[PDB]
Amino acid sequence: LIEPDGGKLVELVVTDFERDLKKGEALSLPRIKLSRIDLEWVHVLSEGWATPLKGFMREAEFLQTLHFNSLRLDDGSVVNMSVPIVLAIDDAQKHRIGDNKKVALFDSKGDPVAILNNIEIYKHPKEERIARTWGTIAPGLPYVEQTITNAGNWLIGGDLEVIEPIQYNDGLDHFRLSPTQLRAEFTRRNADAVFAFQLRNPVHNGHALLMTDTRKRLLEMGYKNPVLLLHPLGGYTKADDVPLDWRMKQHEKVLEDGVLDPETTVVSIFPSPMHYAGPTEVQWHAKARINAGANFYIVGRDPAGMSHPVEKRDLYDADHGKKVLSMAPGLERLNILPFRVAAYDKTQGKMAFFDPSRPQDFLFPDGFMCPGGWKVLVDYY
């Protein structure tokens, strides 16, 4: 099975039992209250989705991420790191911490979630951080409006100890498998290959085509036990799009109508918030999937893309995600599976790859989505 970055998973949840010891130690330190998205990053960090990141990003790590989309290690080593994972902090909170080297991170219930050790506070260069991550500045960037635009002229990083595994209690916690649980589950099936499929949307037959086509390629490649890791992203997503709970139902119906084989598919939820930062973000979608133990990564067109909040176009070129991914630092050992655009073929009755020689044949609808999956979606709506 493919090894995590650095050689081992770096999980940051304290042992059983220092949880009481750490709950108590937290009572003597200053307090920062997490917002919803902060806690999701804590959740991300805890399970080791950003291995070997030892906590919220210090200044040198933040800069490395912005400029190079990578992190250097104790050897000359470079791993992929394409998104700032940062805790923002306002003026009153900075003073309130003063000269403390340990701060405590509390959830909105008022309980101690985590201890941040050996902290450093530094400036929050908002415009530049945004320009370097999204490749634009325009207002209306959903992730930017949350957690960046409005609050925090400082950042605080350091080594993080997470007290208790994060549970949202929304009724979906049984889907949120850790990287090491997924590795427990792939090794459970004697999987000789794991192909991941990142998605933020409901599955249609185009997405299925990419997945079904990947199977045969791996069987034709010699693999006896290929496993599809279907991975809806379940962190923050824009209010517009279809919420996680409905998508999970939709996927349940897709897996039901045989369009995807449940016998060889693991469904799990990726805890990370969505950046909507195109080629920059897709590297992170891939980075995590490596740490989750997937050695093949499916990428289609315009991954993690969206329309420009102002102008009449897409933020990004649709082919760049593929291209950038296939040369991204620390992602070389990952097997990339690039695909072209799938749309509805009118000559045939199904989804098929777009044929530039006969554009008149494609619509962008019977066979476009499995009618079971369309029930969830027509209900929800």
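Quick note: we count residues from 1 along the sequence shown, nothing fancier.
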**Asked** When you step from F364 to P365 in this entry, do you jump over none, 1 to 3, 4 to 9, or 10 or more residues of the deposited sequence that have no coordinates?
**Response** 10 or more
**Item:** Per the entry, higher mean C-alpha B factor between 86-94 and 253-261
**Value:** 253-261
**Item:** Selected stretch [higher average CA B-factor]: 101-109 or 70-78
**Value:** 101-109
**Request:** Would you mind checking which of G158, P139, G171, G305 has the top Cα temperature factor in the PDB entry?
**Result:** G171
**Asked** Highest Cα B-factor in the PDB entry belongs to which of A286, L116, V267, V144?
**Response** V267
**Request:** Name the third of the chain's ranked CA B-factors that contains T280, choosing lowest, middle or highest.
**Result:** lowest
**Message:** Taking only the Cα B-factors deposited for this chain, tell me whether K216 sits in the lowest, middle or highest third.
**Reply:** highest
**Prompt:** If you rank the chain by CA B-factor, which third does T149 end up in: lowest, middle or highest?
**Reply:** middle
**B-factor third for the C-alpha atom of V341 within its chain** = middle
**Complete:** Assert third(CA B-factor, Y236) within chain per record equals middle
